[PDB]
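Quick one, what's the 3D model for this:
(2 chains)
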Amino acid sequence: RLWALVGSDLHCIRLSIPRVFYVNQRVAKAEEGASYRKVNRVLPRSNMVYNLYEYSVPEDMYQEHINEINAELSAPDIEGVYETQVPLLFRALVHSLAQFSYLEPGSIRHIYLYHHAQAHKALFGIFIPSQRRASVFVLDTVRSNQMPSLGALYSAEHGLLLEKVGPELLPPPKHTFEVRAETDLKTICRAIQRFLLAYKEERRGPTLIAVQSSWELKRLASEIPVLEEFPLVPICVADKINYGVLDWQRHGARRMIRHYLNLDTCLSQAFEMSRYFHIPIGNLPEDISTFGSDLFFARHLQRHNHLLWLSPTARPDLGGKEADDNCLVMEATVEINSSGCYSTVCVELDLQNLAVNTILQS
Amino acid sequence: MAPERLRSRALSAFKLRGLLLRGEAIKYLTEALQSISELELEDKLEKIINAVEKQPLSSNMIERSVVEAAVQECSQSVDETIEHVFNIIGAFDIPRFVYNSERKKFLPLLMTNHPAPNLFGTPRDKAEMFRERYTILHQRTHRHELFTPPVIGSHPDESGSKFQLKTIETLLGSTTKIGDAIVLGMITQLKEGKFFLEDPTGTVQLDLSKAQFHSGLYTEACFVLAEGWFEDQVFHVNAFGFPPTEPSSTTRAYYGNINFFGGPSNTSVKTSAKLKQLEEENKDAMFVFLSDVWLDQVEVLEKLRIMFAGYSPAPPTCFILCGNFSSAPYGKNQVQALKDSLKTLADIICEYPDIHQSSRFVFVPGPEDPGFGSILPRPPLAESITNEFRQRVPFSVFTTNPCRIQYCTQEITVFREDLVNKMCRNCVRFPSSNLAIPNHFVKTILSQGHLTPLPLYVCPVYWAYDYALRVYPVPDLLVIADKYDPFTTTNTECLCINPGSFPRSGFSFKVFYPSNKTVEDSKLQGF
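Numbering: from 1, shown residues only, chains lettered A, B, ... in the order given. Structure data below:
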């Protein structure tokens, strides 16, 4: 499903792409396409030097039709055995495309939500700018309730940066609140499902849900069904809070209310990253963040066509491994150790960013 | 009965047979025999003395344990047993025999100068692997019909049924352009494209321009009968073939019923009348075999619940779950996920207590599972992972990969590795398609007599434990668990099977009945 922006909040369509297998044979074995086209992507055959094959000219190609190989492994470009697997993601359509400048990915309306938790104090957090109703729903100290949910969920503090990074939000930010609570495994998620389905109709139904963080139970995929998009508004787990939770001078003002501005932070960060590789709201940065380099390198290895990249749990894009080539992985730092001091100075030098400096000379 | 006369007669009964009882032994014997009189006492004494002498006695003096075992056997207590009837043998527990050429006999290592096997082997042991593989195949080869005729067996002399054998060092000499040379040796690509043969005497080039190759999947490190002629330090191959395979009946008829397979039995379990009876005490004696059981997936766990529902009637004696237990074997994540897997499996097993008390559950971990996966024989899965399953399901055994399972008179080998792909990638000569690849693979494994007929960097092995990977003599089952294809084949009274890979077989798996040696498909794909 492709989710995109008309002048309203969102619209969508259902689509598919011919998912490439570099099947590497149409001559003897064949399927419903003679797609031996424009053989150029030479790099898997070059990666395979770790696997040691000869004469290795690039490819031959066809759709992934079934979950099974042509086990009579062979090829006409030159005979041999090959990976043939590549299409781990779809990045652009085949059957129109724009220039994808002016991507302007900010939809206007959403509900705001938060999941971070102690096993005994789980902090399901509603707090939004329009509605003053909020939540810190449930705790396993059933004889009591989470006490700062009023007097510090109301931050008594609005930061000055709200007035600067504010235009990405339709109502102005607003941080005075009141709350409700529940305690039983039957009721929390079911009630929040009904709540959020009704909450979205205040903004009218079709909307994103701006989850400020999903540190509890990875409540990003493990949530009740969304009915529309889940954006990657969640912050990474930077505040690894597991103490007794009532210290809301930080755990309430900073963790909840100042992390409203992290909506604007994370989204503007993602948008300006999308200026460089055109994926805004589902983008990897602040995780391992490899997708910037990986996808730029892949499309440059399409510009001079070399390879769209595999990604197994281990490292490479090749088949069986000769361990002698791995022995380097199995196994300049000189200490001149002048324990006499001779041309007495503040003995010092320090060097940075040497890796990006290295590649420039070759 | 009078204790003094009972003691005197029991001591005399053992003394006349040449056996001395310690004080504890005679005291226990008198207590056990106190309820018996002269109408039965002497027959009881003779019977239990025979039971004593049946045991591996190291001396004439008898401790209390031996007479304990003897009189308990006299009192049966072996009814509906699992000991003597079903054993799981770790690869490190397999006995280390060595073939002595001058005696032409397999000797256990205690009767020899050979040291005990250990992971940090000597430089000698690395060569000893391949030298012993050649030795076993060599003594296998020379007992075939290719042997020379007896004394005037034919009035004209014959060249060993036209299959007379020689070693490399013999032909490095006067035998240039002799058109009938046959040599047993290992294929090696000792120079790139310039293949060589090697045996314990030396090496020689292989001109394999014509191969004329018999069915079987030839790889580097395969031992072959190279038939050809020698010139210019090159052996010009006319034909390649593997050594012929033996049935275990032939091997044990030659060498006697030595327990090559291992386990408690001193003799081969295939020859025992009592065990022949105990094998068939249950007409539907049955076992279940699976592989790649990804219990870090909820789908695999739920389908396992349905499989336990399906085999609540007539449950097996044991479930065999071969390794690569995980979708995502990627470290700490999977250590905790396998703890969760075994907790959930214990929950499921306790939700079927009848199957819990009727069936055992054993695990043979794969190379990708956590621990020392990458080198064989693999140790079992880490005990810290197993600990909750150890205490919550005592009816289970985590073990090595490979492991040797014995059920009464029959021999089962279980080994998890994706070896067909390895073998075909290290292929020297792309086989003829007229025979199916699992049949090629099984013929190659049986003829090479080894689970890993490939170079060491292709199949990393602790050098001194390479004998544990040896397939010799041929067992009843070769359970080669492999992603490639689930299958069933047979040769030399073995059924060589692959349970496949449970997430990729559509959750199909195998069932085995040793009471008639039949194999059935758990075709439970829509379950």
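
Would you map the strands across the stretch 51-200 of chain B?
For the stretch 51-200 of chain B, the strands defined by DSSP state E, counting those that start in this stretch cover B:61-62, B:86-90, B:97-100, B:105-108, B:181-188, B:196-199.

Give the other helices and strands that the first one contacts.
Other elements packing on strand B:61-62 under the criterion 3 or more CB pairs under 8 Å, 6 or more residues apart in numbering or on different chains; DSSP states H and E are strand B:20-21. For every residue, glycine as well, the C-beta is placed using N, CA and C.

cool, the fifth one as well?
Taking 3+ CB pairs under 8 Å, 6+ apart as contact, the helices and strands that strand B:181-188 lies on are helix B:123-142, helix B:168-171, strand B:196-199, strand B:202-207, strand B:223-231.

which of the residues in it are buried?
B:181, B:182, B:183, B:184, B:185, B:186, B:187, B:188 (16 or more other CB atoms under 10 Å in any protein chain shown).

between the residues you listed, which is nearest chain A?
residue B:188 (15.4 Å; CB to the nearest CB).

what's the distance between the closest one and residue B:214?
To residue B:214, residue B:188 is 20 Å away according to CB to CB, to the nearest Å.

Check residue B:70 too.
Taken as CB to CB, the span from residue B:70 to residue B:214 is 54 Å.

Equivalent analysis for residue B:107, please.
Taking CB to CB, one finds residue B:107 at 34 Å from residue B:214.

Please apply the same query to residue B:356.
50 Å.

Quick one: the strands in chain A, in order.
Taking DSSP state E as the test, the strands found in chain A are A:2-4, A:11-13, A:20-21, A:62-63, A:110-116, A:123-126, A:133-135, A:178-180, A:208-214.

Just list what the fourth one packs against, helices and strands only.
Identification of packing neighbours for strand A:62-63 by 3+ CB pairs under 8 Å, 6+ apart yields strand A:20-21.

Could you do the fifth one as well?
For strand A:110-116, the elements it packs on are strand A:123-126, helix A:188-200, strand A:208-214, judged by 3+ CB pairs under 8 Å, 6+ apart.

what's in contact with the shortest one?
This means strand A:123-126. A:112-117, A:133-138, A:146, A:188, A:192, A:195, A:212, A:216, A:245, A:256 (CB atoms under 8 Å, 6 or more residues apart in numbering or on different chains).

what do you get if the cut-off is 6 Å, keeping everything else the same?
A:114, A:116, A:117, A:134, A:135, A:136, A:137, A:256 (CB atoms under 6 Å, 6 or more residues apart in numbering or on different chains).

Quickly run through the sheet partners of it, with directions.
According to DSSP bridges, strand A:123-126 forms sheet pairs with strand A:110-116 (antiparallel).

and chain B, which of its residues are near chain A?
B:330, B:425, B:457 (CB under 6 Å from any CB of the partner chain).

before we move on, back to that, export the strands of chain A to CSV and append columns for mean neighbour count.
Shown next, in CSV, are those (neighbours: other CB atoms under 10 Å in any protein chain shown):
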stretch, mean neighbour count
strand A:2-4, 12
strand A:11-13, 11
strand A:20-21, 20
strand A:62-63, 20
strand A:110-116, 23
strand A:123-126, 24
strand A:133-135, 19
strand A:178-180, 15
strand A:208-214, 22
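
Could you give the residue of the stretch 1-150 of chain A that lies closest to chain B?
Taking CB to the nearest CB, the stretch 1-150 of chain A has residue A:81 as its residue nearest chain B, at 6.2 Å.

That residue: what's it in contact with?
residue A:73.

Ramachandran coordinates for it?
Torsion angles at residue A:81 (phi, psi; degrees, to the nearest 10) stand at phi -120, psi 140.

okay, now the closest residue in space to residue A:239 that isn't next to it in sequence: neighbour count?
Spatial nearest neighbour of residue A:239, excluding adjacent residues (CB to CB, 6 or more residues apart in numbering or on different chains): residue A:255 at 5.8 Å. Residues near residue A:255, counting by other CB atoms under 10 Å in any protein chain shown, number 23.

quick one: residue A:255 from residue B:180, how far?
88 Å.

Same question for residue B:5.
Counting by CB to CB, the gap from residue B:5 to residue B:180 is 80 Å.

ok, the two, which is more surrounded?
Shown here are residue B:5 and residue B:180; by other CB under 10 Å, residue B:180 has more neighbours (14 against 11).

Which residue is the nearest non-sequential neighbour of the more buried one?
Nearest non-adjacent residue to residue B:180 (CB to CB, 6+ apart): residue B:159, at 6.7 Å.

how close does that neighbour sit to chain A?
Going from residue B:159 to chain A by CB to the nearest CB, to the nearest Å gives 40 Å.

So residue B:236: helix, strand or coil?
Recorded secondary structure, residue B:236: strand (DSSP: H, G, I helix; E, B strand; the rest coil).

wait, what's in contact with it?
B:207, B:228, B:229.

Residue B:82 is nearest to which of the helices and strands packed on strand A:110-116?
helix A:188-200 (47.0 Å; CB to CB).

List the buried residues in that closest one.
So, applying 16+ other CB under 10 Å, buried residues of helix A:188-200: A:188, A:192, A:195, A:196, A:199, A:200.

Against which helices or strands is that helix packed?
Using 3 or more CB pairs under 6 Å, 6 or more residues apart in numbering or on different chains; DSSP states H and E, no helix or strand is in contact with helix A:188-200.

Return the distance of it from the chain's centre.
Offset of helix A:188-200 from its chain centre (CA atoms, centre = their mean, to the nearest Å): 26 Å.

how about the helices and strands packed on strand A:110-116 in JSON lines, adding distance to residue B:138?
Formatted as JSON lines, the helices and strands packed on strand A:110-116 follow (distance: least, CB to CB, whole Å):
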{"stretch": "strand A:123-126", "distance to residue B:138": "73"}
{"stretch": "helix A:188-200", "distance to residue B:138": "70"}
{"stretch": "strand A:208-214", "distance to residue B:138": "66"}
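
just checking, residue A:134 touches residue A:177?
Yes: with contacts counted by CB atoms under 6 Å, residue A:134 reaches residue A:177, the gap being 3.9 Å.

excluding its backbone neighbours, what's nearest residue B:490?
residue B:496 (6.7 Å).

Now tell me what touches whatever helix or strand the one you found lives in from outside.
According to DSSP states H and E, residue B:496 maps onto strand B:494-498. Strand B:494-498 is contacted by residues B:442, B:474-475, B:477-480, B:482, B:486-489, B:510, B:519 when judged by CB under 6 Å, 6+ apart.

Give me the buried subset of those.
B:442, B:474, B:475, B:477, B:478, B:479, B:480, B:482, B:486, B:487, B:489, B:510.

Which element, helix or strand, includes the closest residue to residue B:370 other than its chain neighbours?
Nearest non-adjacent residue to residue B:370, counting by CB to CB, 6+ apart: residue B:335, 5.4 Å away. Assigned by DSSP H and E, residue B:335 belongs to helix B:332-350.

quick revisit: neighbour-wise, which of residue B:356 and residue B:214 wins?
Per other CB under 10 Å, whichever of residue B:356 and residue B:214 has more neighbours is residue B:356, with 21 against 15.

Which secondary structure state is assigned to that one?
Applying three-state DSSP to residue B:356 yields a three-state assignment of helix.

Spit out the contact partners of the nearest residue to residue B:121 once chain neighbours are set aside.
Distance criterion CB to CB, 6+ apart; nearest residue to residue B:121, sequence neighbours excluded, is residue B:463 at 3.8 Å. By CB under 6 Å, 6+ apart, the residues touching residue B:463 are B:121, B:125, B:126, B:129.

And the nearest residue to residue B:505 once chain neighbours are set aside, how close does it get to residue A:66?
The spatial neighbour of residue B:505 that comes closest, neighbours along the chain excluded (CB to CB, 6+ apart), is residue B:486 at 5.1 Å. In this view, residue B:486 and residue A:66 are 17 Å apart by CB to CB.

for residue B:490, helix, strand, or coil?
strand.

Now do it: how many residues are near it, please.
Neighbours of residue B:490 (other CB under 10 Å): 14.
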